[PDB]
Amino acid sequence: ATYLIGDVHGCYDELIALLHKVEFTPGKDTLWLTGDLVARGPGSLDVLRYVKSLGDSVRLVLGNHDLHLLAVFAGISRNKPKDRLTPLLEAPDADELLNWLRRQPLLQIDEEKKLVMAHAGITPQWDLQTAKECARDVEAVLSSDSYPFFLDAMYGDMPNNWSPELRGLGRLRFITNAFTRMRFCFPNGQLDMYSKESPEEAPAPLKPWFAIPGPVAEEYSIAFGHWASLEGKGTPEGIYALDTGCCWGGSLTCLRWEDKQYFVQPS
């Protein structure tokens, strides 16, 4: 009755296959999506269409490729035709779908399941309180008339440490990086924005973020998925890596929460 899927990437067929396999019913059931919905992969259009028709029985979280799509939709970036976003960008429907997308959250918290989902996870460097305020802030900009201006501003790499003093372009850059593109941390809670590899191929000082004990990880389960490289692997208890790289010829993974049962759809 509660399912958390992981990076769909325009894999509409696979999504609906999994959803049918568990007999998902919008009435009784609820879907958490890790949210790299629209990438490398054919039916990005159908995914967005479907997901949006779920309404309240979907709890989405925005990811790097979702943000990128919005960037191209608003002319901040160029479409890379190999993303296969064109069908969706092309039409009748685009404004409807994309205005909806931008209004979607970056954080999802369920107090009773003691569960937290973000796309990349939660930096050791911040507590839930901070994570909550940072999600609200970026969400506010994304939901605004001036969203194209954020998207453009969001693009940097070079505040690496959270540091409550932080403000302006630096502050939002960091938060966007923490939520939507985080994998490796330096031994302290820093951010590496360049290596995308299985934990034990990573160069010298880089540990995976979840391997650095943090305040949220000691009261809450974390679910996430954008780190395809690690294949939902050597994560400690309470940490669920749902991105098993469906679009890369890997697989789409569903987890039934209440009984912690895994279901798997190949490509």
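Start at 1 with the first residue shown and count on from there.
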item: Stretch exceeding the other in mean C-alpha B-factor - 206-214, 43-51; value: 206-214
item: Between 67-75 and 136-144 (mean CA B-factor, as deposited), the higher; value: 136-144
item: Top Cα B factor in the deposited entry, candidates 178, 107, 115, 88; value: 88
item: Candidate residues 119, 102, 84, 183, the one whose C-alpha B factor the record puts highest; value: 84
item: Relative C-alpha B-factor of residue 60, binned into the chain's lowest, middle or highest third; value: lowest
item: Entry-reported Cα temperature factor of residue 261, expressed as the chain third it lands in; value: middle
item: Ranked against its chain, the third holding the CA B-factor of residue 33; value: lowest
item: Assigned third (lowest, middle, highest) for the C-alpha B factor of residue 168; value: middle
item: Third of the chain's Cα B-factor distribution that residue 195 belongs to, per the entry; value: highest
